[PDB]
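Chemist: This is target-v3.pdb, which holds PDB, N, CA and C atoms:
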ATOM      1  N   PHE A  84     115.271 102.993 100.610  1.00  0.00           N
ATOM      2  CA  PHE A  84     114.147 103.375 101.533  1.00  0.00           C
ATOM      3  C   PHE A  84     112.844 103.664 100.778  1.00  0.00           C
ATOM      4  N   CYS A  85     112.959 104.332  99.632  1.00  0.00           N
ATOM      5  CA  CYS A  85     111.774 104.728  98.844  1.00  0.00           C
ATOM      6  C   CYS A  85     111.048 103.451  98.367  1.00  0.00           C
ATOM      7  N   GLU A  86     111.792 102.426  97.927  1.00  0.00           N
ATOM      8  CA  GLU A  86     111.142 101.167  97.472  1.00  0.00           C
ATOM      9  C   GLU A  86     110.550 100.436  98.685  1.00  0.00           C
ATOM     10  N   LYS A  87     111.287 100.424  99.800  1.00  0.00           N
ATOM     11  CA  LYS A  87     110.841  99.759 101.068  1.00  0.00           C
ATOM     12  C   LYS A  87     109.487 100.353 101.489  1.00  0.00           C
ATOM     13  N   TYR A  88     109.391 101.674 101.430  1.00  0.00           N
ATOM     14  CA  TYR A  88     108.137 102.400 101.689  1.00  0.00           C
ATOM     15  C   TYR A  88     106.992 101.913 100.770  1.00  0.00           C
ATOM     16  N   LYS A  89     107.180 101.936  99.436  1.00  0.00           N
ATOM     17  CA  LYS A  89     106.097 101.562  98.469  1.00  0.00           C
ATOM     18  C   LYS A  89     105.644 100.150  98.813  1.00  0.00           C
ATOM     19  N   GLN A  90     106.567  99.257  99.137  1.00  0.00           N
ATOM     20  CA  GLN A  90     106.229  97.848  99.487  1.00  0.00           C
ATOM     21  C   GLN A  90     105.489  97.695 100.834  1.00  0.00           C
ATOM     22  N   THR A  91     105.847  98.501 101.846  1.00  0.00           N
ATOM     23  CA  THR A  91     105.139  98.570 103.136  1.00  0.00           C
ATOM     24  C   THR A  91     103.717  99.086 102.879  1.00  0.00           C
ATOM     25  N   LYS A  92     103.569 100.100 102.018  1.00  0.00           N
ATOM     26  CA  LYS A  92     102.205 100.618 101.708  1.00  0.00           C
ATOM     27  C   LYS A  92     101.409  99.490 101.053  1.00  0.00           C
ATOM     28  N   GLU A  93     102.020  98.725 100.131  1.00  0.00           N
ATOM     29  CA  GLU A  93     101.267  97.667  99.405  1.00  0.00           C
ATOM     30  C   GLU A  93     100.752  96.621 100.406  1.00  0.00           C
ATOM     31  N   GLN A  94     101.607  96.224 101.343  1.00  0.00           N
ATOM     32  CA  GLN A  94     101.262  95.221 102.369  1.00  0.00           C
ATOM     33  C   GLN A  94     100.126  95.725 103.222  1.00  0.00           C
ATOM     34  N   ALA A  95     100.186  96.995 103.600  1.00  0.00           N
ATOM     35  CA  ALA A  95      99.121  97.601 104.424  1.00  0.00           C
ATOM     36  C   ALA A  95      97.817  97.542 103.621  1.00  0.00           C
ATOM     37  N   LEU A  96      97.881  97.806 102.323  1.00  0.00           N
ATOM     38  CA  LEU A  96      96.670  97.859 101.493  1.00  0.00           C
ATOM     39  C   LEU A  96      95.983  96.501 101.531  1.00  0.00           C
ATOM     40  N   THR A  97      96.741  95.429 101.283  1.00  0.00           N
ATOM     41  CA  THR A  97      96.194  94.057 101.279  1.00  0.00           C
ATOM     42  C   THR A  97      95.520  93.757 102.621  1.00  0.00           C
ATOM     43  N   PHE A  98      96.127  94.101 103.761  1.00  0.00           N
ATOM     44  CA  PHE A  98      95.513  93.858 105.079  1.00  0.00           C
ATOM     45  C   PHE A  98      94.156  94.610 105.150  1.00  0.00           C
ATOM     46  N   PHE A  99      94.104  95.866 104.702  1.00  0.00           N
ATOM     47  CA  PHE A  99      92.835  96.639 104.759  1.00  0.00           C
ATOM     48  C   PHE A  99      91.795  96.146 103.747  1.00  0.00           C
ATOM     49  N   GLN A 100      92.197  95.480 102.664  1.00  0.00           N
ATOM     50  CA  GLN A 100      91.230  94.831 101.749  1.00  0.00           C
ATOM     51  C   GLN A 100      90.669  93.572 102.425  1.00  0.00           C
ATOM     52  N   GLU A 101      91.479  92.870 103.229  1.00  0.00           N
ATOM     53  CA  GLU A 101      91.102  91.674 103.998  1.00  0.00           C
ATOM     54  C   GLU A 101      90.191  92.048 105.172  1.00  0.00           C
ATOM     55  N   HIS A 102      90.281  93.273 105.663  1.00  0.00           N
ATOM     56  CA  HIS A 102      89.582  93.775 106.847  1.00  0.00           C
ATOM     57  C   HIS A 102      88.941  95.107 106.526  1.00  0.00           C
ATOM     58  N   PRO A 103      87.916  95.176 105.644  1.00  0.00           N
ATOM     59  CA  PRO A 103      87.489  96.478 105.126  1.00  0.00           C
ATOM     60  C   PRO A 103      86.822  97.376 106.181  1.00  0.00           C
ATOM     61  N   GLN A 104      86.344  96.806 107.299  1.00  0.00           N
ATOM     62  CA  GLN A 104      85.686  97.588 108.375  1.00  0.00           C
ATOM     63  C   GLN A 104      86.551  98.786 108.768  1.00  0.00           C
ATOM     64  N   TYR A 105      87.883  98.659 108.781  1.00  0.00           N
ATOM     65  CA  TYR A 105      88.764  99.684 109.378  1.00  0.00           C
ATOM     66  C   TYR A 105      88.757 100.959 108.519  1.00  0.00           C
ATOM     67  N   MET A 106      88.590 100.864 107.201  1.00  0.00           N
ATOM     68  CA  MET A 106      88.659 102.049 106.295  1.00  0.00           C
ATOM     69  C   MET A 106      87.239 102.596 106.112  1.00  0.00           C
ATOM     70  N   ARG A 107      86.262 101.941 106.726  1.00  0.00           N
ATOM     71  CA  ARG A 107      84.850 102.392 106.709  1.00  0.00           C
ATOM     72  C   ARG A 107      84.474 103.080 108.024  1.00  0.00           C
ATOM     73  N   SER A 108      85.187 102.822 109.119  1.00  0.00           N
ATOM     74  CA  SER A 108      84.749 103.188 110.490  1.00  0.00           C
ATOM     75  C   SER A 108      85.855 103.897 111.252  1.00  0.00           C
ATOM     76  N   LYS A 109      85.619 105.153 111.624  1.00  0.00           N
ATOM     77  CA  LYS A 109      86.554 106.010 112.403  1.00  0.00           C
ATOM     78  C   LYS A 109      86.857 105.355 113.760  1.00  0.00           C
ATOM     79  N   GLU A 110      85.833 104.908 114.502  1.00  0.00           N
ATOM     80  CA  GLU A 110      85.993 104.285 115.848  1.00  0.00           C
ATOM     81  C   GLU A 110      86.888 103.034 115.715  1.00  0.00           C
ATOM     82  N   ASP A 111      86.670 102.189 114.704  1.00  0.00           N
ATOM     83  CA  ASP A 111      87.410 100.910 114.556  1.00  0.00           C
ATOM     84  C   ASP A 111      88.890 101.211 114.239  1.00  0.00           C
ATOM     85  N   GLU A 112      89.099 102.119 113.297  1.00  0.00           N
ATOM     86  CA  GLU A 112      90.442 102.616 112.860  1.00  0.00           C
ATOM     87  C   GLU A 112      91.185 103.121 114.104  1.00  0.00           C
ATOM     88  N   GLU A 113      90.507 103.819 114.999  1.00  0.00           N
ATOM     89  CA  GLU A 113      91.069 104.398 116.249  1.00  0.00           C
ATOM     90  C   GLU A 113      91.501 103.267 117.188  1.00  0.00           C
ATOM     91  N   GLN A 114      90.610 102.309 117.435  1.00  0.00           N
ATOM     92  CA  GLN A 114      90.902 101.170 118.342  1.00  0.00           C
ATOM     93  C   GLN A 114      92.127 100.413 117.797  1.00  0.00           C
ATOM     94  N   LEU A 115      92.150 100.147 116.488  1.00  0.00           N
ATOM     95  CA  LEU A 115      93.242  99.421 115.801  1.00  0.00           C
ATOM     96  C   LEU A 115      94.553 100.194 115.946  1.00  0.00           C
ATOM     97  N   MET A 116      94.541 101.490 115.658  1.00  0.00           N
ATOM     98  CA  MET A 116      95.760 102.353 115.816  1.00  0.00           C
ATOM     99  C   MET A 116      96.217 102.253 117.279  1.00  0.00           C
ATOM    100  N   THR A 117      95.330 102.253 118.281  1.00  0.00           N
ATOM    101  CA  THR A 117      95.762 102.158 119.700  1.00  0.00           C
ATOM    102  C   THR A 117      96.531 100.840 119.921  1.00  0.00           C
ATOM    103  N   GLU A 118      95.995  99.716 119.451  1.00  0.00           N
ATOM    104  CA  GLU A 118      96.661  98.390 119.615  1.00  0.00           C
ATOM    105  C   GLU A 118      97.914  98.308 118.750  1.00  0.00           C
ATOM    106  N   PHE A 119      97.876  98.880 117.557  1.00  0.00           N
ATOM    107  CA  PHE A 119      99.037  98.922 116.639  1.00  0.00           C
ATOM    108  C   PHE A 119     100.239  99.579 117.335  1.00  0.00           C
ATOM    109  N   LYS A 120     100.053 100.723 117.998  1.00  0.00           N
ATOM    110  CA  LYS A 120     101.157 101.412 118.724  1.00  0.00           C
ATOM    111  C   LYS A 120     101.628 100.517 119.868  1.00  0.00           C
ATOM    112  N   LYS A 121     100.716  99.813 120.525  1.00  0.00           N
ATOM    113  CA  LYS A 121     101.048  98.967 121.686  1.00  0.00           C
ATOM    114  C   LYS A 121     101.885  97.801 121.185  1.00  0.00           C
ATOM    115  N   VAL A 122     101.496  97.178 120.071  1.00  0.00           N
ATOM    116  CA  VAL A 122     102.344  96.103 119.496  1.00  0.00           C
ATOM    117  C   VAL A 122     103.732  96.678 119.221  1.00  0.00           C
ATOM    118  N   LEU A 123     103.780  97.871 118.607  1.00  0.00           N
ATOM    119  CA  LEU A 123     105.076  98.419 118.143  1.00  0.00           C
ATOM    120  C   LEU A 123     105.948  98.745 119.377  1.00  0.00           C
ATOM    121  N   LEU A 124     105.355  98.969 120.546  1.00  0.00           N
ATOM    122  CA  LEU A 124     106.108  99.244 121.809  1.00  0.00           C
ATOM    123  C   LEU A 124     106.731  97.947 122.331  1.00  0.00           C
ATOM    124  N   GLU A 125     106.305  96.779 121.843  1.00  0.00           N
ATOM    125  CA  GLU A 125     106.872  95.469 122.281  1.00  0.00           C
ATOM    126  C   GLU A 125     108.339  95.362 121.852  1.00  0.00           C
ATOM    127  N   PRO A 126     109.229  94.859 122.730  1.00  0.00           N
ATOM    128  CA  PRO A 126     110.580  94.450 122.334  1.00  0.00           C
ATOM    129  C   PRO A 126     110.679  93.502 121.142  1.00  0.00           C
ATOM    130  N   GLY A 127     111.484  93.868 120.144  1.00  0.00           N
ATOM    131  CA  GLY A 127     111.560  93.019 118.929  1.00  0.00           C
ATOM    132  C   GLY A 127     110.524  93.331 117.887  1.00  0.00           C
ATOM    133  N   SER A 128     109.710  94.364 118.069  1.00  0.00           N
ATOM    134  CA  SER A 128     108.693  94.767 117.069  1.00  0.00           C
ATOM    135  C   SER A 128     109.348  95.198 115.745  1.00  0.00           C
ATOM    136  N   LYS A 129     110.615  95.569 115.774  1.00  0.00           N
ATOM    137  CA  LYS A 129     111.416  95.862 114.542  1.00  0.00           C
ATOM    138  C   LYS A 129     111.379  94.654 113.595  1.00  0.00           C
ATOM    139  N   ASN A 130     111.259  93.432 114.121  1.00  0.00           N
ATOM    140  CA  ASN A 130     111.362  92.170 113.361  1.00  0.00           C
ATOM    141  C   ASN A 130     110.045  91.864 112.650  1.00  0.00           C
ATOM    142  N   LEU A 131     108.953  92.533 113.013  1.00  0.00           N
ATOM    143  CA  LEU A 131     107.635  92.252 112.394  1.00  0.00           C
ATOM    144  C   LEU A 131     107.555  92.981 111.054  1.00  0.00           C
ATOM    145  N   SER A 132     106.971  92.350 110.055  1.00  0.00           N
ATOM    146  CA  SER A 132     106.449  93.040 108.835  1.00  0.00           C
ATOM    147  C   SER A 132     105.268  93.944 109.249  1.00  0.00           C
ATOM    148  N   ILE A 133     104.841  94.849 108.367  1.00  0.00           N
ATOM    149  CA  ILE A 133     103.664  95.662 108.744  1.00  0.00           C
ATOM    150  C   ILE A 133     102.415  94.789 108.757  1.00  0.00           C
ATOM    151  N   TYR A 134     102.341  93.827 107.858  1.00  0.00           N
ATOM    152  CA  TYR A 134     101.219  92.861 107.852  1.00  0.00           C
ATOM    153  C   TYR A 134     101.121  92.134 109.220  1.00  0.00           C
ATOM    154  N   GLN A 135     102.260  91.604 109.684  1.00  0.00           N
ATOM    155  CA  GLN A 135     102.319  90.896 110.990  1.00  0.00           C
ATOM    156  C   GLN A 135     101.880  91.839 112.100  1.00  0.00           C
ATOM    157  N   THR A 136     102.251  93.122 112.069  1.00  0.00           N
ATOM    158  CA  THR A 136     101.927  94.121 113.099  1.00  0.00           C
ATOM    159  C   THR A 136     100.416  94.389 113.056  1.00  0.00           C
ATOM    160  N   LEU A 137      99.891  94.636 111.867  1.00  0.00           N
ATOM    161  CA  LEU A 137      98.445  94.883 111.717  1.00  0.00           C
ATOM    162  C   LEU A 137      97.649  93.674 112.188  1.00  0.00           C
ATOM    163  N   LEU A 138      98.052  92.471 111.812  1.00  0.00           N
ATOM    164  CA  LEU A 138      97.283  91.270 112.201  1.00  0.00           C
ATOM    165  C   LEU A 138      97.321  91.096 113.739  1.00  0.00           C
ATOM    166  N   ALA A 139      98.481  91.269 114.358  1.00  0.00           N
ATOM    167  CA  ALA A 139      98.649  91.209 115.838  1.00  0.00           C
ATOM    168  C   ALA A 139      97.715  92.211 116.516  1.00  0.00           C
ATOM    169  N   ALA A 140      97.674  93.423 116.000  1.00  0.00           N
ATOM    170  CA  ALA A 140      96.837  94.489 116.581  1.00  0.00           C
ATOM    171  C   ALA A 140      95.343  94.130 116.477  1.00  0.00           C
ATOM    172  N   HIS A 141      94.912  93.659 115.299  1.00  0.00           N
ATOM    173  CA  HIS A 141      93.513  93.201 115.045  1.00  0.00           C
ATOM    174  C   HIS A 141      93.179  92.006 115.974  1.00  0.00           C
ATOM    175  N   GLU A 142      94.062  91.021 116.075  1.00  0.00           N
ATOM    176  CA  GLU A 142      93.894  89.890 117.032  1.00  0.00           C
ATOM    177  C   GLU A 142      93.768  90.383 118.476  1.00  0.00           C
ATOM    178  N   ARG A 143      94.494  91.425 118.882  1.00  0.00           N
ATOM    179  CA  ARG A 143      94.357  92.003 120.248  1.00  0.00           C
ATOM    180  C   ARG A 143      92.950  92.579 120.445  1.00  0.00           C
ATOM    181  N   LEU A 144      92.292  93.143 119.417  1.00  0.00           N
ATOM    182  CA  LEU A 144      90.867  93.592 119.491  1.00  0.00           C
ATOM    183  C   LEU A 144      89.917  92.381 119.506  1.00  0.00           C
ATOM    184  N   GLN A 145      90.254  91.274 118.844  1.00  0.00           N
ATOM    185  CA  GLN A 145      89.397  90.063 118.788  1.00  0.00           C
ATOM    186  C   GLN A 145      89.519  89.336 120.131  1.00  0.00           C
ATOM    187  N   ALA A 146      90.497  89.721 120.950  1.00  0.00           N
ATOM    188  CA  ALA A 146      90.663  89.276 122.349  1.00  0.00           C
ATOM    189  C   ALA A 146      89.852  90.206 123.254  1.00  0.00           C
TER     190      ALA A 146
ATOM    191  N   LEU B 546      96.147 105.448 104.524  1.00  0.00           N
ATOM    192  CA  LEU B 546      97.339 104.422 104.615  1.00  0.00           C
ATOM    193  C   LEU B 546      98.588 105.067 105.197  1.00  0.00           C
ATOM    194  N   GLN B 547      98.835 106.323 104.839  1.00  0.00           N
ATOM    195  CA  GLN B 547     100.141 106.956 105.156  1.00  0.00           C
ATOM    196  C   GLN B 547     100.365 106.954 106.665  1.00  0.00           C
ATOM    197  N   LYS B 548      99.356 107.237 107.495  1.00  0.00           N
ATOM    198  CA  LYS B 548      99.507 107.253 108.980  1.00  0.00           C
ATOM    199  C   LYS B 548     100.007 105.896 109.485  1.00  0.00           C
ATOM    200  N   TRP B 549      99.558 104.781 108.885  1.00  0.00           N
ATOM    201  CA  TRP B 549      99.952 103.410 109.312  1.00  0.00           C
ATOM    202  C   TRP B 549     101.424 103.181 108.959  1.00  0.00           C
ATOM    203  N   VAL B 550     101.810 103.538 107.744  1.00  0.00           N
ATOM    204  CA  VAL B 550     103.205 103.374 107.260  1.00  0.00           C
ATOM    205  C   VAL B 550     104.149 104.237 108.120  1.00  0.00           C
ATOM    206  N   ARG B 551     103.802 105.516 108.388  1.00  0.00           N
ATOM    207  CA  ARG B 551     104.674 106.481 109.122  1.00  0.00           C
ATOM    208  C   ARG B 551     104.828 106.031 110.588  1.00  0.00           C
ATOM    209  N   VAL B 552     103.803 105.419 111.189  1.00  0.00           N
ATOM    210  CA  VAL B 552     103.901 104.898 112.573  1.00  0.00           C
ATOM    211  C   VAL B 552     104.797 103.651 112.538  1.00  0.00           C
ATOM    212  N   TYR B 553     104.566 102.782 111.561  1.00  0.00           N
ATOM    213  CA  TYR B 553     105.311 101.498 111.455  1.00  0.00           C
ATOM    214  C   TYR B 553     106.816 101.804 111.309  1.00  0.00           C
ATOM    215  N   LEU B 554     107.189 102.712 110.408  1.00  0.00           N
ATOM    216  CA  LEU B 554     108.608 103.007 110.107  1.00  0.00           C
ATOM    217  C   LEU B 554     109.298 103.673 111.310  1.00  0.00           C
ATOM    218  N   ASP B 555     108.546 104.242 112.253  1.00  0.00           N
ATOM    219  CA  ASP B 555     109.120 104.872 113.469  1.00  0.00           C
ATOM    220  C   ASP B 555     109.179 103.902 114.676  1.00  0.00           C
ATOM    221  N   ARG B 556     108.662 102.684 114.611  1.00  0.00           N
ATOM    222  CA  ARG B 556     108.748 101.652 115.712  1.00  0.00           C
ATOM    223  C   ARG B 556     110.176 101.473 116.259  1.00  0.00           C
TER     224      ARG B 556
END
Using structure tokens, write down the structure from this file.

Modeler:
Amino acid sequence: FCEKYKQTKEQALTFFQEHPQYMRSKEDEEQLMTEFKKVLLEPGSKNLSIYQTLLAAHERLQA
Amino acid sequence: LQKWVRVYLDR
């Protein structure tokens, strides 16, 4: 679990380097967290990587 | 980062 955690953090870091607005802006981070929880409420969300979850949530804001 | 990881691991 401890290694799984460090690797999930690394994946999250790369997504936030690809999308730097979110770590600069409280409002954007908030909107993203709202969509992120909504993705995670989807059936089968266990099967997503954190990268896939973050990208899905960001795409829901681009919609 | 930690808030994103802790939410993800609880899905």

Chemist: Under the rule that all atoms listed in the file are counted, which of A:97, A:117, A:91, A:84 is the nearest residue to residue 550 of chain B?

Modeler: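 Residue with the minimum atom-to-atom distance to residue 550 of chain B: A:91.
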
Chemist: Can you write out as a tab-separated table which residues of chain B fall within 7 Å of chain A, alongside each residue's closest atom pair and its distance in Å to one decimal, counting only C-alpha atoms and ordering rows by chain and ascending residue number?

Modeler:
residue	atom	partner	partner_atom	distance
B:546	CA	A:92	CA	6.8
B:550	CA	A:92	CA	6.3
B:553	CA	A:133	CA	6.6
B:556	CA	A:123	CA	5.5

Chemist: So the first atom is atom N of residue 103 of chain A and the second is atom N of residue 121 of chain A; what is the distance between them in Å, to one decimal place?

Modeler: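 Atom-to-atom, atom N of residue 103 of chain A to atom N of residue 121 of chain A, that is 20.2 Å.
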
Chemist: Please indicate the distance in Å from atom CA of residue 551 of chain B to atom CA of residue 107 of chain A, rounded to one decimal place.

Modeler: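 Between atom CA of residue 551 of chain B and atom CA of residue 107 of chain A the gap works out to 20.4 Å.
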
Chemist: Using DSSP on the backbone coordinates, identify all residues within chain B classified as helix (DSSP H, G or I); present the result as an MDAnalysis selection string.

Modeler: chainID B and resid 547:555

Chemist: Calculated over only C-alpha atoms, which of the candidates A:105, A:118, A:111, A:130 has the smallest distance to residue 554 of chain B?

Modeler: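 Closest candidate: A:130.
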
Chemist: Expressed in Å to a single decimal, how great is the separation between atom CA of residue 144 of chain A and atom CA of residue 90 of chain A?

Modeler: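 Here the two named atoms are 25.6 Å from each other.
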